[PDB]
Ligand SMILES: *[C@@H]1O[C@H](CO)[C@@H](O[C@@H]2O[C@H](CO)[C@@H](O[C@@H]3O[C@H](CO)[C@@H](O)[C@H](O)[C@@H]3O)[C@H](O)[C@H]2NC(C)=O)[C@H](O)[C@H]1NC(C)=O
Ligand SMILES: *[C@@H]1O[C@H](CO)[C@@H](O[C@@H]2O[C@H](CO)[C@@H](O[C@@H]3O[C@H](CO)[C@@H](O)[C@H](O)[C@@H]3O)[C@H](O)[C@H]2NC(C)=O)[C@H](O)[C@H]1NC(C)=O
Ligand SMILES: *[C@@H]1O[C@H](CO)[C@@H](O[C@@H]2O[C@H](CO)[C@@H](O)[C@H](O)[C@H]2NC(C)=O)[C@H](O)[C@H]1NC(C)=O
Ligand SMILES: *[C@@H]1O[C@H](CO)[C@@H](O[C@@H]2O[C@H](CO)[C@@H](O)[C@H](O)[C@H]2NC(C)=O)[C@H](O)[C@H]1NC(C)=O
């Protein structure tokens, strides 16, 4: 719907506090955490995918973070 | 609730048509596509980030696709 | 024909709950509000809350929130209302009115009830 | 914000009656005004079922309109039956409640 | 004196050779321009009144269905049309339904079915384009004159209206001459790309492209009853009961989802005139014709008494509220700051010239005493007032907070932040050009990236720079990553 | 003709052509009708006639 495309990142920043800054600052992180907490098994799956696609440790952690971020937000 | 967490991932499913299946099937991909069209520079940024972290073409492609899927969705 | 008829005139002493009722018939009850307006003797009209009988949600006036309760009871098409602790000041006649769901119909009331007058004295 | 209206009166010959409600920028300015007639001792009647729209009867003796923050009920000539208590009601958004006018005792003179 | 205790004021100590000093004015912030001899004054932008808005692209956030009619046909009989399909107020969708014996016709298969339903908007929201001609800026110029009721007063001050047309107004100060401000209102908010959508009594500034992108049924906004809504299928959902039949649903009110959608757009007050409270504009203000009232006044011999206890501003500047006891209606307050257990002059006077206008009223003298112990003297005689005061501060800490404030300004104004106090040096021009090019490239990349994603991308860039052998690329990645960390940590305002 | 000695007033907001060129609509409030319009383009922070 319209709520999935928030007005975040558009270059209209000013000194005045924006509408729902406090809530909308952390709604996305709260969603990701609650999804990663209600579905623990995907942590195991993402660890497996990162281990078998990430040659170096930095690549492994980048892949793991991106997998644990995209899936809650692609729900 | 907020649209950020739709009831699409639960294991419960049946023969009958789910509520707003037709729209919700492609709603997220439509949002990602329209965000990508609106802001094309991040395509260049994601290309650079994938090229400087992915040794193998599989690694570069997976990082690029995950990074282009996260930013429109995590916004 | 659609009309709203009240419970009938009631009298009670201060500090006694009273349950004023409003009968609805002739139309689809769930599709319109009951705006439960109030009018003191020889005073200006004062709206005090409406309920959505399709769901039971209640929008009390800020003054009357907590002091009054309203129940839909859609089985008998009877929009009840109660006063928690009736005081000497709150003597008036309580009309029940029908309003539309949308914004343009929030503040338009047709087919009012006659109004249950409640007298409060010791 | 609370919308207000004064009590008025006019003679039996219907020159003009100007009965006005002046609300805030949240109640009147964005919501349709609704006018109510109350003959004393009787339940109020919906004089206007929308802005400048009549449900039934009494044409050209009851005709309203709102311009900006204020609303009014105009006339082309009153009659003896037009003596009652009038109320303008709008749905406020800031207060999120239905506001009724302070009352007005229009008397045929 | 209007901008005292504002909490976002930042001084402009230096005046140029040609006596014009350039300031960027923000609504929340303040600017107290000083000078060698000109009367100091705190210009502050009140608001940006926008008038004659032209509504366009009304949007439905709710709906209603009323009529719903269905007509279905048999397999290999074609699609099943309705006479209401051609109407411009009906929304409907084709669906296949399995039919056969016991259902209307002999042949077995899947038959077409259509359910068309009228659409009514109920509540709606309208985006209003701001007419750039009618956009108006009002800016107050209060002068530090030491009025008794001026220490934090928001009312006192002479307003100067600024519009894209006739953007240079010489504000007439009461007795300080004319301050000719030459402000540039076309480099402020790019209002050509912002349209003011209004839901009920609330309005917001939203990027116009985003407003056009958000999916909701819309019409021309030509104040016509019963309009036709293009793309009205977004507020109706058609669901199949397995495969037997077809049903329409109005999908409820999208008002809360619209409140969530504009979760980063700054809010406007639409009560009365559509007054916009966010924003900024640049002002090159000329102090050529300012006259210091009291330059010709004499000193005063009689003693001074302070009515209320001395307080400290958030920016460390002391502020004195003192009443004259003499018989001299015009006066010039003597003022010397003595260092601890010694004699010196190391404390500035933030108010340009303190003058007693009347003995009946009392003057508000403001000052910036030096760090540490200090002694401040008001009177000139042997019975002079002694205001002992100690300033908790470190000049290194002041430098750090000044750099922090400058970074905050740079993270918002961007290209024009280099013009906040530009005296006119050639170094500032080069810095502004470099910043403008880099910022254009940066906002080309990071546009539409959320704050958490900005933090992530910046951390990733910093890590890449820390693990890159090529020194040029390492330095570039480190700098861009640090800047991105800062932006993502400050962006969501 | 000579040069105008009186002020000008904008009657329609300036707008930018697709080719970067501005258009200006002014009305001259003065008595010497046949005249010339003085026109100097002061750059930003400098009086360079660019
Ligand atoms: C929340 O705000 C509302 C107003 O927006 C408060 O309603 C107020 O309720 C008191 C109850 O005593 C009213 O006082 C009464 O006023 C009438 C006026 O004729 C007087 O005759 C009575 O003796 C009594 O003093 C008051 O008028 C009313 N305010 C209004 C209608 O504007 C409500 O109490 C607030 N909730 C709280 C404080 O918890
Ligand atoms: C901001 O500035 C305004 C105006 O400069 C201040 O309003 C002023 O308030 C004072 C007292 O509060 C008024 O003084 C009056 O003097 C007469 C003289 O006899 C006395 O009888 C009155 O009782 C009163 O003391 C003064 O007239 C008034 N000026 C106006 C309204 O223009 C205001 O106090 C300042 N501060 C704030 C926070 O607004
Ligand atoms: C759609 O439904 C409305 C009512 O829901 C129909 O309105 C009818 O209008 C006629 C006169 O035009 C009245 O005599 C009927 O009483 C109305 N119906 C009801 C239920 O009150 C309307 O005809 C329907 N069709 C269209 C195309 O609007
Ligand atoms: C399904 O069965 C019902 C009854 O078993 C059928 O209804 C009967 O129809 C015949 C002829 O139309 C009547 O003479 C009977 O009286 C009906 N019985 C009833 C109504 O109980 C019906 O026609 C069958 N087919 C469908 C498609 O419903």
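Chains as they are written, first to last, in this note's numbering: chain A, 1 to 75; chain B, 76 to 150; chain C, 151 to 272; chain D, 273 to 381; chain E, 382 to 874; chain F, 875 to 924.
Note that CB positions come from ideal geometry on N, CA and C, so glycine has one too.
So with CB distances below 9 Å, who are the chain B contacts of residue 590 (chain E)?
Locating residue 590 (chain E) in the fifth chain gives position 209, counting from the first residue. Going along chain B in sequence order, the residues near residue 590 (chain E) (Cβ under 9 Å) are 113.
Examine chain A for any beta-carbon lying closer than 8 Å to the beta-carbon of residue 33 (chain B), and answer yes or no.
The question about residue 33 (chain B) has no answer, for chain B in this structure spans 76 to 150.
Is any heavy atom in ligand 5 found nearer than 7 Å to the beta carbon of residue 536 (chain E)?
Absent from the structure shown: ligand 5. Ligands present: ligand 1, ligand 2, ligand 3 and ligand 4.
Exposure of residue 107 (chain B), with buried meaning 16 or more beta-carbon neighbours within 10 Å
As a working note, residue 107 (chain B) is residue 32 in the second chain. Residue 107 (chain B) is buried by the Cβ-count criterion.
In chain C, which residues lie with their C-beta within 9 Å of the C-beta of residue 504 (chain E)?
If you number the fifth chain from 1, residue 504 (chain E) lands on position 123. The contacting residues are 252, 253 and 254.
Please determine, among F:880, F:875 and F:876, the residue with the shortest C-alpha to C-alpha distance to residue 904 (chain F).
By 1-based counting over the sixth chain, the position of residue 904 (chain F) is 30. Closest by alpha carbon: F:880.
Got a sec: does ligand 3 put a non-hydrogen atom nearer than 7 Å to the Cβ of residue 447 (chain E)?
Residue numbering aside, residue 447 (chain E) sits at position 66 when the fifth chain is read from its first letter. Result yes, Cβ under 7 Å from ligand 3.
Which residues, taken in chain order from the region 619-632 of chain E, show a beta carbon closer than 7 Å to some beta carbon of chain B?
620, 621 and 623
Please tell me whether residue 855 (chain E) has its Cβ less than 8 Å away from any Cβ of chain F.
Taking the fifth chain and counting its residues from 1, one reaches residue 855 (chain E) at position 474. By this cut-off, residue 855 (chain E) is not an interface position.
Going straight from the alpha carbon of residue 319 (chain D) to that of residue 216 (chain C), what length do you get?
Within the fourth chain, residue 319 (chain D) is the residue found at index 47, counting from 1. Within the third chain, residue 216 (chain C) is the residue found at index 66, counting from 1. About 32 Å.
Chain B contact residues for residue 70 (chain A), given Cβ-Cβ distances below 7 Å:
For the purposes of this step, residue 70 (chain A) is taken as residue 70 along the first chain, with counting starting at 1. Simply 141, 144, 145 and 148.
With 16 other CB atoms within 10 Å as the buried threshold, where does residue 507 (chain E) fall?
On the fifth chain, position 126 is the one that residue 507 (chain E) refers to. Residue 507 (chain E) is buried by the Cβ-count criterion.
Which full runs of the beta strand (DSSP E) of 3+ residues lie inside the region 210-245 of chain C, going along the chain?
218-221, 230-233 and 242-244
May I ask whether a heavy atom of ligand 4 can be found less than 7 Å away from the beta carbon of residue 483 (chain E)?
As a first step, residue 483 (chain E) is located in the fifth chain; it is residue number 102 there, counting from the start. Residue 483 (chain E) Cβ: within cutoff of ligand 4.
Does any CB atom of chain C fall closer than 8 Å to the CB of residue 309 (chain D)?
Here residue 309 (chain D) corresponds to residue number 37 of the fourth chain, with the count starting at 1. Closer than 8 Å: no.
Flag residue 525 (chain E) as yes when its Cβ comes closer than 7 Å to any non-hydrogen atom of ligand 2, and as no otherwise.
Numbered from 1 along the fifth chain, position 144 holds the residue referred to as residue 525 (chain E). Not so, every heavy atom of ligand 2 lies at least 7 Å from the Cβ.
Do the region 646-654 of chain E and the region 577-591 of chain E meet, that is, are 3 or more Cβ pairs less than 8 Å apart?
yes
Could one say the Cβ of residue 217 (chain C) lies closer than 8 Å to chain G's Cβ atoms, at least one of them?
This model lacks chain G altogether, as its protein chains are A, B, C, D, E and F.
Any beta-carbon of chain B closer than 8 Å to the one on residue 594 (chain E)?
Position 213 of the fifth chain holds residue 594 (chain E). Answer yes: the Cβ-Cβ gap between residue 594 (chain E) and chain B drops below 8 Å somewhere.
Please confirm whether residue 919 (chain F) has its beta-carbon closer than 8 Å to some beta-carbon of chain E.
The sequence position of residue 919 (chain F) within the sixth chain is 45, counting from 1. True, the Cβ-Cβ gap to chain E drops below 8 Å.
Helix or strand or just coil, what does DSSP make of residue 623 (chain E)?
Position 242 of the fifth chain holds residue 623 (chain E). Three-state DSSP puts residue 623 (chain E) in coil, outside helix and strand.
Residue 770 (chain E) and residue 761 (chain E): beta carbons closer than 8 Å?
As a first step, residue 770 (chain E) must be located in the fifth chain, where it is residue number 389. As a first step, residue 761 (chain E) must be located in the fifth chain, where it is residue number 380. It is not a contact, given that the beta carbons lie outside the stated cut-off.
How close, in whole Å, do the beta carbons of residue 499 (chain E) and residue 563 (chain E) come, if the pair is a contact with beta carbons under 8 Å?
Within the fifth chain, the letter at position 118 stands for residue 499 (chain E). Within the fifth chain, the letter at position 182 stands for residue 563 (chain E). About 58 Å; that fails the 8 Å criterion.
Indicate whether the contact test is met: 3 or more Cβ pairs, each with one atom in the region 3-23 of chain A and one in the region 658-666 of chain E, closer than 8 Å.
yes
Assuming residue 858 (chain E) is part of the alpha helix (DSSP H), what are its boundary residues?
Translated into the one-based positions of the fifth chain, residue 858 (chain E) becomes position 477. 852-871 is the extent of the alpha helix (DSSP H) around residue 858 (chain E).
Quick one: residues with CB closer than 7 Å to any heavy atom of ligand 1, in chain order, please.
C:212, C:213 and C:239
Residue 787 (chain E) by DSSP, collapsed to three states: which one?
In the fifth chain, residue 787 (chain E) corresponds to position 406, counting from 1. DSSP places residue 787 (chain E) in helix when its eight states are reduced to three.
Answer yes or no: the CB of residue 530 (chain E) versus the heavy atoms of ligand 2, is any distance below 7 Å?
Taking the first residue of the fifth chain as 1, we reach residue 530 (chain E) at position 149. For ligand 2, at least one heavy atom lies less than 7 Å from the Cβ of residue 530 (chain E).
Got a sec: is the Cβ-Cβ distance from residue 53 (chain A) to anything in chain E below 8 Å?
Start at 1 with the first residue of the first chain, and residue 53 (chain A) comes out as number 53. Chain E, which has no Cβ nearer than 8 Å to the Cβ of residue 53 (chain A), makes this no.
Assuming residue 37 (chain A) is part of the alpha helix (DSSP H), what are its boundary residues?
As a first step, residue 37 (chain A) is located in the first chain; it is residue number 37 there, counting from the start. Counting along the chain, the alpha helix (DSSP H) containing residue 37 (chain A) begins and ends at 21-38.
Please report whether the beta-carbon of residue 379 (chain D) lies at a distance below 8 Å from any beta-carbon of chain C.
Locating residue 379 (chain D) in the fourth chain gives position 107, counting from the first residue. No, residue 379 (chain D) lies away from the interface with chain C (no Cβ there is under 8 Å from its Cβ).
Just checking: is the beta-carbon of residue 818 (chain E) within a distance shorter than 8 Å of some beta-carbon in chain B?
Position 437 of the fifth chain, counted from the start, is the residue given in the question as residue 818 (chain E). Not closer than 8 Å to any Cβ of chain B, the Cβ of residue 818 (chain E) fails to qualify, so no.
Would you mind telling me which residues of chain D sit closer than 7 Å to residue 113 (chain C), beta carbon to beta carbon, in chain order?
Given that chain C is displayed from residue 151 to residue 272, the structure contains no residue 113 (chain C) and the question cannot be resolved.
Going by DSSP, what residue range makes up the alpha helix (DSSP H) through residue 68 (chain A)?
As a position in the first chain, residue 68 (chain A) is number 68, starting the count at 1. Taken as a continuous stretch (DSSP letters only), the alpha helix (DSSP H) holding residue 68 (chain A) covers 57-73.
Tell whether a beta-carbon distance below 8 Å holds between residue 242 (chain C) and residue 259 (chain C).
Translated into the one-based positions of the third chain, residue 242 (chain C) becomes position 92. Translated into the one-based positions of the third chain, residue 259 (chain C) becomes position 109. Cβ distance not < 8 Å, so residue 242 (chain C) and residue 259 (chain C) don't count as in contact.
Looking at the secondary structure, which residues open and close the alpha helix (DSSP H) in which residue 80 (chain A) lies?
Because chain A here runs from 1 to 75, residue 80 (chain A) falls outside it and cannot be looked at.
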